[PDB]
>>> print(open('model-v9.txt').read())   # compact mmCIF, C-alpha atoms
# COMPACT_ATOMS: atom_id res chain seq x y z
CA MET A 1 0.00 0.00 0.00
CA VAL A 2 0.84 3.69 0.04
CA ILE A 3 -0.76 5.71 2.84
CA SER A 4 -0.89 9.39 3.72
CA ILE A 5 1.20 10.66 6.62
CA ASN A 6 1.06 13.51 9.13
CA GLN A 7 4.64 14.08 7.94
CA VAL A 8 5.68 10.75 9.48
CA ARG A 9 4.36 7.60 11.10
CA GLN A 10 6.33 4.68 12.52
CA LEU A 11 5.17 1.19 13.45
CA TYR A 12 6.38 -1.13 16.21
CA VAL A 13 5.09 -4.67 16.65
CA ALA A 14 4.24 -5.83 20.18
CA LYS A 15 4.38 -9.61 20.52
CA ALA A 16 5.20 -9.54 24.24
CA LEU A 17 4.78 -6.90 26.93
CA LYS A 18 7.82 -6.75 29.19
CA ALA A 19 8.20 -4.94 32.51
CA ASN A 20 11.64 -3.40 31.95
CA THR A 21 14.62 -3.18 29.67
CA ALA A 22 17.03 -6.14 29.91
CA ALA A 23 13.92 -8.35 29.63
CA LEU A 24 13.80 -7.75 25.86
CA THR A 25 15.15 -11.11 24.68
CA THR A 26 13.04 -12.09 21.66
CA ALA A 27 12.39 -9.94 18.62
CA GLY A 28 9.17 -7.95 18.59
CA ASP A 29 9.19 -7.41 22.35
CA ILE A 30 8.11 -4.03 23.68
CA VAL A 31 8.25 -2.05 26.91
CA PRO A 32 6.88 1.49 27.44
CA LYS A 33 9.36 3.72 29.27
CA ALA A 34 8.59 7.11 30.81
CA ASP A 35 10.06 9.52 33.32
CA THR A 36 8.78 9.47 36.88
CA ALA A 37 7.47 13.00 36.33
CA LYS A 38 5.57 11.71 33.26
CA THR A 39 7.13 14.26 30.89
CA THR A 40 8.14 12.02 27.97
CA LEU A 41 7.28 8.57 26.67
CA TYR A 42 9.01 6.15 24.33
CA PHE A 43 8.98 2.47 23.42
CA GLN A 44 11.97 0.15 23.70
CA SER A 45 11.50 -2.56 21.07
CA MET A 46 13.53 -5.70 20.40
CA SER A 47 14.29 -5.61 16.70
CA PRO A 48 15.57 -8.76 14.97
CA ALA A 49 18.95 -7.01 14.82
CA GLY A 50 18.88 -5.88 18.45
CA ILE A 51 17.01 -3.50 20.75
CA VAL A 52 15.76 -0.13 19.53
CA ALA A 53 13.81 2.81 20.91
CA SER A 54 10.90 4.83 19.57
CA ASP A 55 11.01 8.58 19.21
CA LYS A 56 10.25 10.53 22.36
CA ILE A 57 6.74 11.79 23.09
CA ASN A 58 6.32 15.06 24.97
CA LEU A 59 3.21 14.10 26.93
CA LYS A 60 1.98 17.71 26.97
CA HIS A 61 2.26 17.89 23.16
CA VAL A 62 0.21 14.76 22.42
CA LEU A 63 -2.89 15.43 20.32
CA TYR A 64 -4.91 12.20 20.23
CA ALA A 65 -4.48 8.55 21.15
CA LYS A 66 -6.95 5.73 20.55
CA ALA A 67 -6.89 1.97 20.05
CA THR A 68 -8.73 -0.05 17.41
CA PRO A 69 -10.38 -3.40 18.27
CA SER A 70 -9.34 -5.22 15.05
CA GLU A 71 -13.04 -5.66 14.24
CA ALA A 72 -13.11 -2.22 12.59
CA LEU A 73 -10.65 -3.11 9.81
CA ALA A 74 -12.28 -6.38 8.72
CA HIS A 75 -14.06 -5.96 5.39
CA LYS A 76 -17.44 -7.67 5.23
CA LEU A 77 -18.03 -9.36 1.88
CA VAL A 78 -21.19 -7.98 0.30
CA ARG A 79 -23.77 -10.66 -0.48
CA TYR A 80 -27.04 -10.20 -2.36
CA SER A 81 -30.17 -12.35 -2.12
CA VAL A 82 -31.70 -12.58 -5.59
CA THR A 83 -35.28 -13.81 -5.78
CA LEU A 84 -38.47 -13.50 -7.81
CA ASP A 85 -40.84 -10.64 -7.03
CA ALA A 86 -44.28 -12.12 -6.42
CA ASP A 87 -45.42 -8.66 -7.50
CA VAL A 88 -44.79 -9.65 -11.12
CA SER A 89 -45.17 -13.39 -10.53
CA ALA A 90 -44.22 -15.74 -7.70
CA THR A 91 -43.26 -18.32 -10.35
CA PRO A 92 -41.58 -18.14 -13.76
CA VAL A 93 -43.67 -17.23 -16.76
CA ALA A 94 -43.76 -20.10 -19.22
CA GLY A 95 -42.03 -18.56 -22.24
CA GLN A 96 -39.69 -15.72 -21.28
CA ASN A 97 -35.91 -15.53 -21.01
CA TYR A 98 -34.82 -14.48 -17.51
CA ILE A 99 -31.47 -12.79 -18.05
CA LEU A 100 -29.48 -11.50 -15.08
CA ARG A 101 -26.69 -8.98 -15.59
CA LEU A 102 -23.91 -8.57 -13.02
CA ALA A 103 -22.53 -5.02 -13.26
CA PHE A 104 -18.94 -4.91 -12.00
CA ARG A 105 -17.39 -1.50 -11.31
CA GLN A 106 -13.78 -0.57 -10.61
CA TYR A 107 -12.77 -3.72 -12.39
CA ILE A 108 -9.10 -4.03 -13.15
CA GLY A 109 -8.61 -0.29 -13.28
CA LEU A 110 -9.31 2.01 -10.36
CA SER A 111 -12.12 4.13 -11.79
CA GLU A 112 -15.79 3.28 -11.95
CA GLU A 113 -15.25 4.05 -15.64
CA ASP A 114 -13.81 0.51 -15.63
CA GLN A 115 -16.88 -1.68 -15.99
CA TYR A 116 -17.35 -5.39 -16.55
CA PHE A 117 -20.58 -7.27 -17.20
CA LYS A 118 -21.42 -10.96 -16.88
CA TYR A 119 -24.72 -12.57 -17.78
CA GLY A 120 -26.70 -15.50 -16.48
CA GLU A 121 -29.47 -16.46 -18.90
CA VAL A 122 -32.42 -18.81 -18.46
CA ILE A 123 -35.64 -19.58 -20.31
CA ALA A 124 -38.64 -20.87 -18.38
CA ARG A 125 -41.18 -23.53 -19.28
CA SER A 126 -44.75 -24.55 -18.53
CA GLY A 127 -43.95 -26.56 -15.41
CA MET A 128 -40.82 -24.83 -14.17
CA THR A 129 -41.04 -24.08 -10.45
CA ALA A 130 -39.11 -21.40 -8.58
CA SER A 131 -36.48 -23.85 -7.33
CA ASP A 132 -35.78 -25.34 -10.76
CA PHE A 133 -35.44 -21.78 -12.05
CA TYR A 134 -33.04 -20.76 -9.28
CA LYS A 135 -30.73 -23.73 -9.82
CA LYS A 136 -30.65 -23.36 -13.60
CA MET A 137 -29.92 -19.65 -13.16
CA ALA A 138 -27.20 -20.30 -10.59
CA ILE A 139 -25.58 -22.86 -12.89
CA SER A 140 -25.74 -20.45 -15.82
CA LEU A 141 -24.16 -17.71 -13.72
CA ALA A 142 -21.40 -19.99 -12.43
CA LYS A 143 -20.70 -21.26 -15.95
CA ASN A 144 -20.51 -17.74 -17.39
CA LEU A 145 -18.32 -16.95 -14.40
CA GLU A 146 -15.73 -19.43 -13.09
CA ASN A 147 -14.47 -20.32 -16.53
CA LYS A 148 -11.27 -19.08 -14.91
CA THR A 149 -8.22 -21.21 -15.31
CA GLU A 150 -6.91 -18.42 -13.10
CA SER A 151 -8.65 -18.30 -9.73
CA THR A 152 -11.88 -18.18 -7.74
CA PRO A 153 -14.49 -16.20 -9.72
CA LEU A 154 -15.49 -12.56 -9.34
CA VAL A 155 -18.35 -13.64 -7.05
CA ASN A 156 -19.36 -16.80 -5.19
CA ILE A 157 -22.78 -18.13 -6.23
CA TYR A 158 -24.78 -20.17 -3.72
CA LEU A 159 -28.33 -21.41 -3.20
CA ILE A 160 -30.58 -22.01 -0.22
CA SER A 161 -33.14 -24.72 0.44
CA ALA A 162 -35.92 -23.40 2.66
CA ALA A 163 -35.40 -26.40 4.96
CA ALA A 164 -32.06 -24.94 6.09
CA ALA A 165 -32.22 -21.19 5.34
CA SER A 166 -28.72 -20.96 6.83
CA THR A 167 -26.40 -23.31 4.94
CA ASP A 168 -25.27 -22.07 1.53
CA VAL A 169 -24.90 -24.83 -1.07
CA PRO A 170 -22.14 -23.74 -3.49
CA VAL A 171 -22.48 -23.71 -7.26
CA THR A 172 -19.36 -23.96 -9.44
CA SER A 173 -18.88 -24.46 -13.17
CA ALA A 174 -18.12 -28.06 -12.17
CA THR A 175 -21.51 -28.41 -10.45
CA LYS A 176 -24.19 -30.44 -12.23
CA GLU A 177 -27.98 -30.27 -12.16
CA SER A 178 -27.86 -33.78 -10.68
CA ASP A 179 -26.09 -32.97 -7.40
CA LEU A 180 -28.55 -30.14 -6.68
CA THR A 181 -31.56 -32.18 -5.57
CA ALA A 182 -33.63 -30.14 -3.11
CA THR A 183 -37.02 -28.88 -4.30
CA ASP A 184 -37.40 -25.82 -2.04
CA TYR A 185 -34.59 -23.58 -3.29
CA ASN A 186 -35.86 -20.08 -2.57
CA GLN A 187 -33.11 -17.68 -3.69
CA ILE A 188 -29.82 -17.19 -5.51
CA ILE A 189 -26.99 -15.64 -3.52
CA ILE A 190 -24.00 -13.75 -4.87
CA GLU A 191 -21.20 -12.91 -2.44
CA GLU A 192 -18.35 -10.46 -2.88
CA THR A 193 -15.05 -12.30 -3.31
CA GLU A 194 -11.70 -11.60 -1.69
CA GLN A 195 -9.03 -10.78 -4.27
CA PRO A 196 -5.33 -11.68 -4.22
CA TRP A 197 -2.85 -9.87 -2.01
CA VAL A 198 0.94 -9.83 -2.26
CA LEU A 199 2.99 -7.77 0.19
CA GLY A 200 3.87 -4.38 -1.24
CA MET A 201 2.46 -4.87 -4.75
CA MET A 202 -1.26 -5.78 -4.54
CA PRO A 203 -3.22 -4.06 -1.75
CA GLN A 204 -6.42 -5.48 -0.32
CA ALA A 205 -9.08 -4.51 -2.84
CA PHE A 206 -12.47 -5.75 -3.99
CA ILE A 207 -14.62 -5.47 -7.11
CA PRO A 208 -18.13 -4.23 -6.22
CA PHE A 209 -21.06 -5.36 -8.30
CA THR A 210 -24.81 -4.95 -8.76
CA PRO A 211 -27.29 -7.56 -10.02
CA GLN A 212 -29.23 -5.81 -12.81
CA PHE A 213 -32.29 -7.78 -13.87
CA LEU A 214 -33.74 -7.28 -17.34
CA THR A 215 -37.32 -6.85 -18.48
CA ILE A 216 -39.72 -9.68 -19.26
CA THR A 217 -43.16 -9.45 -20.82
CA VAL A 218 -45.75 -10.73 -18.34
CA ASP A 219 -49.10 -9.22 -19.36
CA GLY A 220 -47.96 -7.44 -22.51
CA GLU A 221 -46.15 -5.02 -20.23
CA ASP A 222 -42.39 -5.05 -19.70
CA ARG A 223 -41.37 -5.67 -16.09
CA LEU A 224 -38.34 -6.60 -14.02
CA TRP A 225 -38.54 -10.09 -12.55
CA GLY A 226 -36.04 -9.99 -9.67
CA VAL A 227 -35.25 -8.41 -6.31
CA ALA A 228 -31.57 -7.78 -5.52
CA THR A 229 -31.78 -7.58 -1.75
CA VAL A 230 -28.62 -7.02 0.30
CA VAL A 231 -28.39 -9.44 3.21
CA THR A 232 -26.20 -9.02 6.27
CA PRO A 233 -22.77 -10.46 5.39
CA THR A 234 -21.48 -13.60 7.06
CA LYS A 235 -17.79 -13.64 6.05
CA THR A 236 -15.06 -11.02 6.41
CA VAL A 237 -11.52 -10.33 5.24
CA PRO A 238 -9.43 -10.14 8.45
CA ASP A 239 -6.95 -7.42 9.34
CA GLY A 240 -3.82 -9.49 8.75
CA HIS A 241 -3.19 -8.19 5.24
CA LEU A 242 -3.51 -4.48 6.06
CA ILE A 243 -1.12 -4.52 9.03
CA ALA A 244 1.33 -6.42 6.82
CA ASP A 245 1.47 -3.76 4.10
CA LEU A 246 1.40 -1.13 6.85
CA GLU A 247 4.59 -2.44 8.47
CA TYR A 248 6.08 -2.89 5.00
CA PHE A 249 5.53 0.84 4.52
CA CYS A 250 6.27 2.26 7.98
CA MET A 251 9.52 0.26 8.15
CA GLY A 252 10.92 2.48 5.40
CA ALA A 253 10.71 5.65 7.43
CA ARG A 254 12.92 3.94 10.03
CA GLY A 255 14.93 1.89 7.53
CA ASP A 256 15.46 1.22 3.84
CA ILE A 257 13.25 2.85 1.23
CA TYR A 258 14.77 0.77 -1.54
CA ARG A 259 12.83 -2.51 -1.37
CA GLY A 260 14.03 -4.92 -4.04
CA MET A 261 14.96 -2.26 -6.58
CA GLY A 262 18.49 -3.53 -6.99
CA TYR A 263 17.40 -7.07 -6.47
CA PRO A 264 20.61 -8.94 -5.56
CA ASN A 265 21.82 -5.72 -3.90
CA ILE A 266 19.37 -5.25 -1.04
CA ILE A 267 18.99 -4.37 2.61
CA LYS A 268 16.94 -7.36 3.72
CA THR A 269 14.29 -6.17 6.17
CA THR A 270 12.84 -8.73 8.58
CA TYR A 271 9.19 -7.93 9.18
CA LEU A 272 7.52 -9.11 12.37
CA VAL A 273 3.83 -9.23 11.40
CA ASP A 274 2.25 -12.36 9.92
CA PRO A 275 -0.56 -11.64 7.41
CA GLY A 276 -2.39 -14.72 8.68
CA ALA A 277 -3.32 -13.31 12.09
CA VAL A 278 -5.46 -10.42 13.36
CA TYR A 279 -4.10 -7.38 15.17
CA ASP A 280 -5.59 -4.65 17.27
CA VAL A 281 -3.95 -1.27 16.68
CA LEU A 282 -3.03 1.78 18.75
CA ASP A 283 -2.14 5.16 17.25
CA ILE A 284 -0.62 8.07 19.16
CA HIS A 285 -0.41 11.50 17.53
CA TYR A 286 1.91 14.16 18.89
CA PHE A 287 4.08 17.02 17.70
CA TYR A 288 7.40 18.72 18.35
CA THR A 289 7.49 22.49 18.76
CA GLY A 290 10.76 24.37 18.98
CA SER A 291 12.00 27.47 20.74
CA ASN A 292 11.66 31.24 20.48
CA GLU A 293 11.28 31.67 16.70
CA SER A 294 10.86 27.96 15.79
CA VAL A 295 7.24 27.62 16.92
CA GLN A 296 6.15 25.63 13.86
CA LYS A 297 4.85 22.23 14.89
CA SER A 298 6.22 18.92 13.63
CA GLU A 299 3.44 16.37 14.01
CA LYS A 300 4.18 12.67 14.17
CA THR A 301 2.48 9.35 14.78
CA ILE A 302 3.56 6.23 16.66
CA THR A 303 1.36 3.22 15.89
CA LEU A 304 1.57 -0.18 17.56
CA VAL A 305 0.01 -3.52 16.65
CA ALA A 306 -0.90 -6.50 18.81
CA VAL A 307 -2.72 -9.74 18.09
CA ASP A 308 -6.38 -10.09 19.06
CA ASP A 309 -7.33 -13.37 20.74
CA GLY A 310 -10.96 -12.21 20.55
CA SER A 311 -10.77 -10.58 23.99
CA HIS A 312 -8.01 -8.01 23.33
CA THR A 313 -5.79 -9.17 26.19
CA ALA A 314 -2.48 -8.15 24.61
CA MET A 315 -3.30 -4.57 23.65
CA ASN A 316 -5.29 -3.97 26.84
CA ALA A 317 -2.30 -4.97 28.96
CA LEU A 318 -0.20 -2.72 26.73
CA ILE A 319 -2.73 0.08 27.28
CA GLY A 320 -2.53 -0.35 31.05
CA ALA A 321 1.26 -0.13 30.94
CA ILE A 322 1.29 3.07 28.87
CA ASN A 323 -1.35 4.61 31.13
CA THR A 324 0.45 3.75 34.37
CA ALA A 325 3.70 5.05 32.87
CA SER A 326 2.57 8.23 31.11
CA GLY A 327 -0.41 8.92 33.38
CA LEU A 328 -2.56 9.11 30.24
CA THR A 329 -6.06 7.62 29.99
CA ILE A 330 -6.48 5.49 26.86
CA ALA A 331 -9.69 3.49 26.66
CA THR A 332 -9.27 -0.28 26.93
CA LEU A 333 -11.06 -1.83 23.97
CA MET B 1 -70.60 -5.27 -46.01
CA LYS B 2 -67.64 -3.28 -44.71
CA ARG B 3 -64.66 -4.77 -42.93
CA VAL B 4 -65.43 -5.20 -39.24
CA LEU B 5 -62.38 -3.04 -38.47
CA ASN B 6 -59.58 -1.29 -40.32
CA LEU B 7 -56.36 -3.05 -41.27
CA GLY B 8 -54.18 -1.27 -38.72
CA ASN B 9 -56.34 -2.98 -36.09
CA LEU B 10 -56.64 -6.27 -37.99
CA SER B 11 -52.88 -6.40 -38.59
CA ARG B 12 -52.51 -6.78 -34.81
CA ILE B 13 -54.43 -10.08 -34.74
CA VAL B 14 -51.65 -12.47 -33.75
CA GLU B 15 -51.03 -16.04 -32.64
CA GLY B 16 -48.81 -17.08 -29.75
CA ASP B 17 -48.02 -16.18 -26.16
CA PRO B 18 -50.89 -14.88 -24.00
CA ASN B 19 -48.26 -13.08 -21.90
CA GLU B 20 -46.56 -11.16 -24.72
CA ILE B 21 -49.58 -9.54 -26.41
CA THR B 22 -50.04 -5.83 -25.73
CA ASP B 23 -53.31 -3.95 -25.30
CA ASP B 24 -53.20 -3.19 -29.05
CA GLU B 25 -53.29 -6.83 -30.20
CA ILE B 26 -56.06 -9.40 -30.57
CA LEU B 27 -55.13 -12.94 -29.57
CA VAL B 28 -56.33 -16.00 -31.48
CA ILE B 29 -56.13 -19.56 -30.18
CA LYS B 30 -56.32 -22.39 -32.71
CA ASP B 31 -58.13 -25.37 -31.22
CA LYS B 32 -55.75 -28.30 -30.81
CA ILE B 33 -58.43 -31.02 -30.72
CA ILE B 34 -60.08 -30.01 -34.01
CA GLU B 35 -57.97 -29.05 -37.02
CA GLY B 36 -59.69 -25.87 -38.25
CA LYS B 37 -61.62 -24.48 -35.29
CA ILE B 38 -61.03 -21.67 -32.80
CA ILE B 39 -61.29 -21.99 -29.03
CA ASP B 40 -61.08 -18.36 -27.93
CA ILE B 41 -60.36 -14.81 -29.10
CA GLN B 42 -58.88 -12.49 -26.49
CA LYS B 43 -57.67 -8.93 -26.05
CA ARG B 44 -56.30 -7.20 -22.97
CA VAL B 45 -58.91 -5.19 -21.06
CA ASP B 46 -57.15 -4.13 -17.83
CA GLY B 47 -53.96 -6.14 -18.11
CA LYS B 48 -56.11 -9.29 -18.09
CA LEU B 49 -57.24 -11.35 -21.07
CA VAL B 50 -60.98 -11.60 -21.70
CA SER B 51 -62.98 -13.36 -24.40
CA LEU B 52 -64.55 -11.14 -27.05
CA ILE B 53 -67.21 -13.73 -27.88
CA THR B 54 -70.29 -13.54 -25.69
CA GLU B 55 -70.77 -16.49 -23.35
CA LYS B 56 -73.72 -18.74 -24.17
CA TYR B 57 -76.07 -20.44 -21.72
CA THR B 58 -79.17 -22.61 -21.80
>>> encode(input="model-v9.txt", output="structure tokens")
Amino acid sequence: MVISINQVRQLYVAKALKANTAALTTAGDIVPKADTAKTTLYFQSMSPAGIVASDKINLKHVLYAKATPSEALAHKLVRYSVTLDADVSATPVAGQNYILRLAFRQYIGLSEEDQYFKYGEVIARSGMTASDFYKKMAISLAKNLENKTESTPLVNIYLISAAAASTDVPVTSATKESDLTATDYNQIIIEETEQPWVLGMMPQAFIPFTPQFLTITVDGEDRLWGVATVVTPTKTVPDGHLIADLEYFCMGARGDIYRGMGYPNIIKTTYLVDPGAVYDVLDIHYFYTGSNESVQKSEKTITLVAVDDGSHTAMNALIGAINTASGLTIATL
Amino acid sequence: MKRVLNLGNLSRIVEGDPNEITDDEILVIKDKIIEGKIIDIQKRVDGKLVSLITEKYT
């Protein structure tokens, strides 16, 4: 990624809270250190290459400080519930083609001027029920999608038998009408799909979409046959891949800005965050003001990360330490 | 012995889907049992199809 800065921000991973210096044995350790008067604050971190200290924090020049619970950076995958509007007809008309158009915006490019469309077509018959329609439409969608020899499709297409209403039965281009057997399928689902992520080159990004039904002739009039309802998501992209590219970036203000540019000729940088875990976060914003004529402020940030076991034990213990040391009052998430 | 209606309104006498005919079209239905009969003639009244031929009773 590439983020914006209040002229600088630096990141320090906190895998273990220690009580004092000389207890920093393993890399990624952290201990907050402050004067007894509570004038300044700084963090002594155990880098892979040794021990290191954060910049100093004049506790009367600190602007804001707040911690994030690691549930605020998870991206919920958008999922639609496509159905038939009983307004038009609770069942398929016997001779019309039910096309469904998936409108994808900010496809490969960044702009919404970058649009991609994928169709799922179906024709109905005299005896076609709503379930038979849903499964044939899901199959058509998955087969027009998921022709990828590349990866998981732009969206994940599921179905739901009214007997469950909770389990989502997948539908892939390899799925066959024979393995979908239930007779009470009551909707077609389409869930946003997590895209690839490689450290420092491909930031966490998604392709939003909209199911755009087309018009069928019901009673001589042209009418839209579907209802693209947005259901509460059930699956999220965890924080691990944002903190990873964040450290990748904030470890170039403290270290090497060249990252692979002369490939053999490199300053290898050992990062301490695994993109497979989840991390709470704590930002502290503060400035440095000079003397008589140098009153201009130099604002800076010091952000820390700590894994979330679901109860926020690590960061909350870290919060308590910083508050007992600096006398501050940061809220324990 | 004039035409019952003009041609612009006879042109719109069609054969096929009951769902696809507009308010401007008359629908014919060829009887499937007999080979040259008609079973109903319909046109849209209020979005619904209704028989033009008067119903007979005894």
>>> residues_around(input="model-v9.txt", residues="range 12-20 of chain B", least_positions_apart="4", cutoff="8 Å", atoms="all atoms listed in the file", output="PyMOL selection string")
(chain A and resi 95+217-221) or (chain B and resi 8+24-29+49)
>>> axis_aligned_box(input="model-v9.txt", around="range 38-41 of chain B", padding_each_side="6 Å", output="JSON")
{"center_x": -60.8, "center_y": -18.4, "center_z": -30.4, "size_x": 12.9, "size_y": 19.2, "size_z": 16.9}
>>> atom_distance(input="model-v9.txt", atom1="CA of residue 199 in chain A", atom2="CA of residue 272 in chain A")
13.1 Å
>>> residues_near_point(input="model-v9.txt", point="(12.4, -10.2, 21.7)", cutoff="8 Å", atoms="all atoms listed in the file", output="ChimeraX atom specification")
/A:16,24-30,45-48
>>> residues_around(input="model-v9.txt", residues="residue 65 in chain A", least_positions_apart="4", cutoff="10 Å", atoms="all atoms listed in the file", output="list in words")
residues 282, 283, 284, 285, 286, 301, 302, 303, 328, 329, 330 and 331 of chain A
>>> closest_residue(input="model-v9.txt", among="A:101, A:281, A:165, A:178", to="residue 136 in chain A", atoms="all atoms listed in the file")
A:178
>>> atom_distance(input="model-v9.txt", atom1="CA of residue 11 in chain B", atom2="CA of residue 23 in chain B")
13.5 Å
>>> atom_distance(input="model-v9.txt", atom1="CA of residue 52 in chain B", atom2="CA of residue 88 in chain A")
25.4 Å
>>> residues_around(input="model-v9.txt", residues="residue 84 in chain A", least_positions_apart="3", cutoff="12 Å", atoms="all atoms listed in the file", output="ChimeraX atom specification")
/A:81,87-93,98,100,129-131,133-134,137,185-188,213,223-229
